[PDB]
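Only one chain is included here, represented as C-alpha cells and corresponding to the form deposited in one PDB entry.
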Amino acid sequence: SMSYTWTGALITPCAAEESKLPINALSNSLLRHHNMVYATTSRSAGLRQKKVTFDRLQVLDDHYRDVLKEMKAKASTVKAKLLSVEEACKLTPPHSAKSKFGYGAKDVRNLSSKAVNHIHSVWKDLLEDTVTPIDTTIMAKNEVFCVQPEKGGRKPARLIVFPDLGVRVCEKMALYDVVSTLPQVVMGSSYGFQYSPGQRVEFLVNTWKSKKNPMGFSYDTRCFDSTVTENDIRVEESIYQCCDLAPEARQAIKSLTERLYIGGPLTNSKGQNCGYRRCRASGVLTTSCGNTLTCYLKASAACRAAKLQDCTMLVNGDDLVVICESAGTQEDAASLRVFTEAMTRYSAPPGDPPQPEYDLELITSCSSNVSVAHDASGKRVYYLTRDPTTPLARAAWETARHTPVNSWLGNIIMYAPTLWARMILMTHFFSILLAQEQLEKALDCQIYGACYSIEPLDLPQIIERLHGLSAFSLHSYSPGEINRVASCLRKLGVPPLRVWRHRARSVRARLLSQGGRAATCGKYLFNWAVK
C-alpha cells in the first residue's frame, strides 16, 4: 500500500515562520556567511510529501522469521506495568503541544482536574473501542541547517504526525514501562539508547578491536518511517504482547495499534483533512522503540542473508551500524549488496548505497563518529564527535534569538571533549554570558531526553560526570578531525582556531578574576587556552 494518500489540503503552520538567519554583532562574530544558514518551513512541505509517499513491497523469508522468533523468546521474559493517569501526567514534557480539548502540558503536569478527567475518558474509550481511527495532526518542522551545495542547497521541512495530548498521555499509561525496558532485553548491547556518548564509544571501539580485520558500515534507510508497513506495526504489537502485561494494558496496546499506530487520518492546523497514513507516525510514544525493534529485526535477518561474519550491530531507532569480520575488499562489496537487497525485500530500501569502511573514524552513526585524542599523561582517549556544521549553524541562530531549545548548550555537554565545542562553543557562549552578566542564570536545554534547567556554572561538574576529567585536557586530535573542523570553519566563515584560542584567553581571564564558581569554569573549561 501507499505510505500516504493525500487530499490536496495544505500542511499549514500555526505561527509565523522564519527561513533566514536573523545578521549581526554577536552572531556575525561566530559565523559570517549567514546566507548559508536557513530554517525549514511549511512552504517546502509539499515536496517532503512527494518524497515520503510511495508504495511498499515486502517479502519476508525465514531469516526474518527466525530472528523474530528469537526476539519474541526474549520479550516473553519481560514484565511491565500500567502507569496510572497521574504517573503518565508527571512524565509528560513541559512544552508538549496543548490538547484541542482545552488544556495544556502545564495542566497535565500539575494534575488539573480538567486534564485528568479528560485523560480518564480517553482511556475508557481506548478500552471500549478498538476500531475507530484516532485523529492526528500533521505539521512541518522548523529546523536549522547549512546549505549543502554539492546529497540539492536546502532540504524541505520534515513532517511530524501526532495524536492529541490526551491520547499521548494514555500511550504512556499503556506503554511507557514497555518501551523503557523491552528493547534493552530483546536487543542487549545492540540497543543504542542505553548508552551515554562515552559508553557508545566504548562499545564501538571494543567491538571494532575484537575483529581480526574489522569492516563496518552505516545503513541509511530511505525515509524509514514511510517504509514501515502495516505488517511491521502488527509484528511490533505481537512482540509487546509477549510481555507479561496487565489485562488493561494488553487491550489498550491492541487498540492503540489498530486505531493509531497502523495508520489513520491526517489533519492540518486549520482542521481540514490532509489525507491518510499507512506507515509509522513520527510523533507517537512507540516511534523510537518500534523503529528500533523493526530496524534490528530487518538488519539481523539481512546480516544472515548476506552471510556477514561475526556481525555486531548498534541500533538507535532508524539508525543502524554494523561491524563485522572482513572477508576481503571485493567480498565485502558483494556481501553489502546482498545485505541491501535483503533490506530492500523487507521494506527498508537505502538512501545511498552503504559503503564498507575499514577505518572506525569514518563510520558515522547518529550523526556522530568515534575519534581519538590524547590526555595530559599522553594516553590515547577515544571520544564521540561529529561534523560541527549543524551545531555551528544552530549556535549562530540561537545567538540571534531566545529559545527554550538553545542546542548550543546541549552540544557543549554531549560533545564536551571535542576540539570545536571547547575552542568555539564554550568560548563564544561564555564570552556572551560574561558580557551580559548572565553567568548565574539558568537556561532550558533539550538533552536527548527531558528538558533541563541548566546553570552554566554547573558545566564543569556535568562534564566531569559524563566525560571524566580528561575532557578538560585533551590534546593532539586526529588530522581527519582537525581537517573537518577547518573546512567547516572556512565553509561557514567562522573565525579560525587562532582567533578562538586567543579570545578564550580573555574569557578565561574574566572567569578566574570573578572568583568562586566562575573561576572553576575558567580553570577547567579553559585550561586548554592558557597552557
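We call the rigid core the largest set of C-alpha positions that still match within 1.5 Å between the two forms. Just count from 1 along the sequence shown to find any residue number.
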Are coordinates for residue 86 absent from at least a third of the other PDB entries that model its neighbours?
no
Hey, does residue 200 show up as a hole in at least a third of the other compared models?
no
Do the CA atoms of 462-470 or those of 496-504 have the higher mean B-factor in the entry?
496-504
Mean C-alpha B-factor higher for 412-420, or for 448-456?
448-456
Please pick out which of 211, 118, 222, 380 has the largest Cα B-factor as recorded in the entry.
380
Top Cα B factor in the deposited entry, candidates 337, 90, 401, 250:
401
Would you please rank residue 103 by its C-alpha temperature factor against the other modelled residues of its chain and give the third it falls in: lowest, middle or highest?
middle
Using only modelled residues of the chain, where does the Cα B factor of residue 265 rank: lowest third, middle third or highest third?
middle
Could you say whether, by C-alpha temperature factor, residue 280 belongs to the lowest, middle or highest third of its chain?
lowest
Within this chain, which third does the Cα B-factor at residue 39 fall in: lowest, middle or highest?
middle
Of the three thirds of its chain by CA temperature factor, lowest, middle or highest, which one includes residue 86?
lowest
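Not pictured, yet referred to below: the form solved in complex with a small molecule.
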Heavy atoms within 4.5 Å of the small molecule in the bound PDB entry: which of the stretches 189-197, 246-254, 163-171, 121-129 has them?
189-197
Quick check on residue 92: any heavy atom within 4.5 Å of the small molecule in the bound PDB entry?
no
Hey, in the bound PDB entry, is residue 447 touching the small molecule, heavy atoms inside 4.5 Å?
yes
Residue 288 near the small molecule in the bound PDB entry, any heavy atom under 4.5 Å?
yes
Is the gap between residue 318 and the small molecule in the bound PDB entry 4.5 Å or less for some heavy atom pair?
yes
Hey, with the small molecule in the bound PDB entry, do 384, 411 and 415 all fall inside the 4.5 Å heavy atom range?
yes
Interface residue in the bound PDB entry among 457, 242, 366, 116, criterion: non-hydrogen atom within 4.5 angstroms of the small molecule
366
For the list 372, 97, 443, 160, which one shows a CA move of 2 Å or more between this form and the one not shown after the core is fit?
443
Core-aligned, does residue 12 move its Cα 2 Å or more between this form and the one not shown?
no
Has the Cα of residue 434 moved 2 Å or more between this form and the one not shown, judged after a core fit?
yes
Honestly, after the rigid core fit, is residue 382 moving at least 2 Å at Cα between this form and the one not shown?
no
